[PDB]
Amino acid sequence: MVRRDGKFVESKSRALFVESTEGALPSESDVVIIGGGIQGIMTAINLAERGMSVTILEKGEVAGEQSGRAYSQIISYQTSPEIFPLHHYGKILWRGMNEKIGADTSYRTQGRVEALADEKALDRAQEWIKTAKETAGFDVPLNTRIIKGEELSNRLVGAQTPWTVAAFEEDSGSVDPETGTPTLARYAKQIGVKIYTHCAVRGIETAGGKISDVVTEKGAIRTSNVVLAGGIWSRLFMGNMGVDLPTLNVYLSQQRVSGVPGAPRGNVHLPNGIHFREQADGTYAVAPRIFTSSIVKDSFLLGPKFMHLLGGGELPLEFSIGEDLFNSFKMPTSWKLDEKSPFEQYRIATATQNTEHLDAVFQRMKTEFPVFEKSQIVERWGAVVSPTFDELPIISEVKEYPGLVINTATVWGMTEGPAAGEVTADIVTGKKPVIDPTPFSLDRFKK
C-alpha cells in the first residue's frame, strides 16, 4: 500500500522574524531580487557591496521556506568535481561571515564524522578524499581524512556499535537555519538592501529584449536586472514566462532534540540511519534523511529525467499520494499580472511532517547513544526541496529574457549560498565569475 499522508500546506516561519523595510516600494532599483531565502539574501549582499541599489521581494517571511528549515550541515564531503568548488568556497566564506557582518550568524566550525560500513564504503571515501585534496582551490587545503581506533571512539563517545573507520571532515560547518538567514537579512538591510515581506512578485514585464519592471501585489518597480531566487516556486514562476525549469518537489521532515551530558559533539553520520548535528544553542538537529515524493502532475511531466532517482536507484525514497495530486492539477501555471497569483495563497509553504520517520531516527539514535534516552523532543517540522534531475544547481542567465538571472534548484543551498550569491552577482554585472558557472547553465537542458 502506498502512503497517503504527505501534504503541501500553508504554514508559518520557524525562523527569526525580519521586519520589512518601512514605507512604499521604490519606483526603481538597479536590481530586483525575487525571494528572501539564503540565495536571494547572499546575492543581494554581493550586489549592494558593489554599489548597486537592491530590493528583495518576499511573498511571506525571510527564511520562511527551505532556508529556515534545513538540517544545515555545511560540508564539501563527497561532492562532484563541478560542485566541490561551490562548497569549498562556501565554507571559506561562512568562516568569515560573522566578522564581515559584525554579528553572530550561528555559524560554527565543528567537524563531521561519518562512520563507514564496509571496505567498499572505505574505498569510496579514500578515493574521493585523495582526488579532492589535489584539486582543493582558493589556496585553502582540504581538511578531510580517514580516522580509526582511539581517535574515532573518542569522537563517537558512547557508541554501542564498534565502528572501526570513518571519514572526518574536520572543518565542516554548522549554521542554525532559524538564525543564519535572518541575521544575514539584517546585515543586508544595514548596507542598504531594501526587503519587503508579505509582498509577492507576480511577474516581469519585458519588451523588445529588455526587462522594464517587476510587478508585485503592491505595485511595480522599474529595473532592467532581475534575480529569481524563488526556491521551490522558481519553476512555477518561469512557467508563466514560457521557460521550463526541470525541478521536482521532494518532502522532508526535521527535528530538534535536547542536548545531554556525554553526547558526541559536532556532526555525526552513521550508516545505520543516524544523523545529528549539534546546534549553537545546545540542542541537536536530527535528520531522518528519508525522501518522500508526493505524486503530482509534475511527477508525470518530469518523470523520465528523474527516474534514475525518482522511485529508481537505491536511495531512501517513498511514494505518497493524496490531495496534492488533485490540487496540482488545479494549480494555475499561468496568471495575468493584475490578478491574484498562486504566491499570494501559499506565502510560507511547507510539507506536513512525518512523525513516524522522526520517531524512528530518534529511537535509533537512543539505541546507538544511550545518553539520549534522557533527551526530549524540542521541535519538529516538515519541509520541501526542489532539486533538478542532474545534481547540479541552476545559476544562469535566461537567454530568452535579457537581464534575468536565476539562482535556484539546489539541495545544498545553506553551504553553497555565499558562493552562489557571488557567482550570481558576477553574472548580473558581467564580471568574470569567481567560479565558472557553465556547469550550472540552463543551456545544459537544451536539445
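Residue numbers here begin at 1 and follow the sequence given.
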Inset, instruction - Could you settle it for me: does 177 to 185 or 343 to 351 have the higher average Cα B factor in the PDB entry? - result: 343 to 351
Legend entry - Higher-scoring stretch by recorded Cα B factor average, 377 to 385 or 22 to 30: 22 to 30
Inset, instruction - For the C-alpha B-factor as written in the entry, point me to the maximum among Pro288, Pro246, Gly262, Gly96. - result: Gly262
Inset, instruction - Go through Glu134, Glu114, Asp104, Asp298 one by one and give the residue whose Cα B-factor in the PDB entry is largest. - result: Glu134
Legend entry - Ranked C-alpha temperature factor of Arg14 among modelled chain residues, by third: lowest
Legend entry - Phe138 CA temperature factor, ranked by third within the chain: highest
Inset, instruction - Sort the modelled residues of this chain by their C-alpha B factor and say whether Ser253 lands in the lowest, middle or highest third. - result: lowest
Legend entry - Among modelled residues of the same chain, the CA temperature factor third for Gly303: middle
Legend entry - Third assignment of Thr333 from its chain's C-alpha B-factors: highest
